[PDB]
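First, one chain by itself in structure tokens, the form deposited in one PDB entry.
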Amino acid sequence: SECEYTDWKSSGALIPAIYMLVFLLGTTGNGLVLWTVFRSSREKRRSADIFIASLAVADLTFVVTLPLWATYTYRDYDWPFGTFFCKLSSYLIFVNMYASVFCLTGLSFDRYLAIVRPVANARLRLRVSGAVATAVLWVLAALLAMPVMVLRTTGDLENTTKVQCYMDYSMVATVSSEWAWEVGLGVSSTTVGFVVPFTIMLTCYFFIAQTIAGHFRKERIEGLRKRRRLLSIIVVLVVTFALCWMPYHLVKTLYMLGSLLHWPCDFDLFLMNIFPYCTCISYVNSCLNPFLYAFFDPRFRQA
């Protein structure tokens, strides 16, 4: 008589309903975002737009798999889609996370170049190409999400009729080292998806804030307004991504650290039960972006 092993209240079909609504809203909004970005003349296209485009693509590559996951939750964690589709859906989840955070990092670096250092910003724009940066970020996201594609599978664990899409470590690990592989993969994913990109983003934002405070007595009003527009929408996107993907990574890393510090079973069960909601909010991030574009950037509203 240690503790319970159940899965708390069923919560009804709230998670599948949110997944379906987020699928619809994200598909519509990200299609509109791509349309607005690529309908403007190439001569009147800023650099940041390309990153925005990738963001939309990332969301558009995940929201389409959201209905499947919704079905997964409706049938009490049953996967009637095949090992290949479990792999592809989870791979697209991780690709969305990595690509979104890399696009935010690139946007913050672009703002850093424009704000703190304009001459070398022009120099780097001459050197660094936006298309090359987008290709590099997408290739890196794909290569980083490859382990999810490799190690996912389907199986009727616990002998119930349901089939579960789970990450199997029996291929690359022994009976014991399975926890080591899981903790390593989770910590590396959390690092390169939240921690490192956000420390680059926070250093960039600290320098931008310092330079803005210094130049509040200087600089040009019109350029100040334009940079305020772009920095505001970019900061809103970054903060929304932080609030939407921080619970997920936090609970994941708390589970990993409780594998070591030996948290009481009550806390581990609590983490197990709250994690679906963190997953849900992380998915909701994939549709929250177009509405942010439609309220802080009047350019998207008019077009």
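Residue indices: 1-based, along the sequence shown. Only the largest set of C-alpha atoms that superpose within 1.5 Å between the two forms is called the rigid core. Residues that one form lacks are left out of the comparison.
What comes next is about the form deposited in another entry, which does not appear here.
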Displaced position between this form and the one not shown, chosen from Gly184, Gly82, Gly223, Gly155 (C-alpha, 2 Å or more, rigid core)
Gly223
Can you confirm the direction of the Cα distance change for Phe296 and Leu224 in the other form, closer or farther than in this form, given it is 3 Å or more?
closer
Quick one: with a 3 Å or larger change, is the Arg220 to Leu113 CA distance smaller or larger in the other form? Answer closer or farther.
farther
Which bits shift between this form and the one not shown if the core is lined up, counting only runs of three or more residues where every C-alpha moves 2 Å or more?
215-228
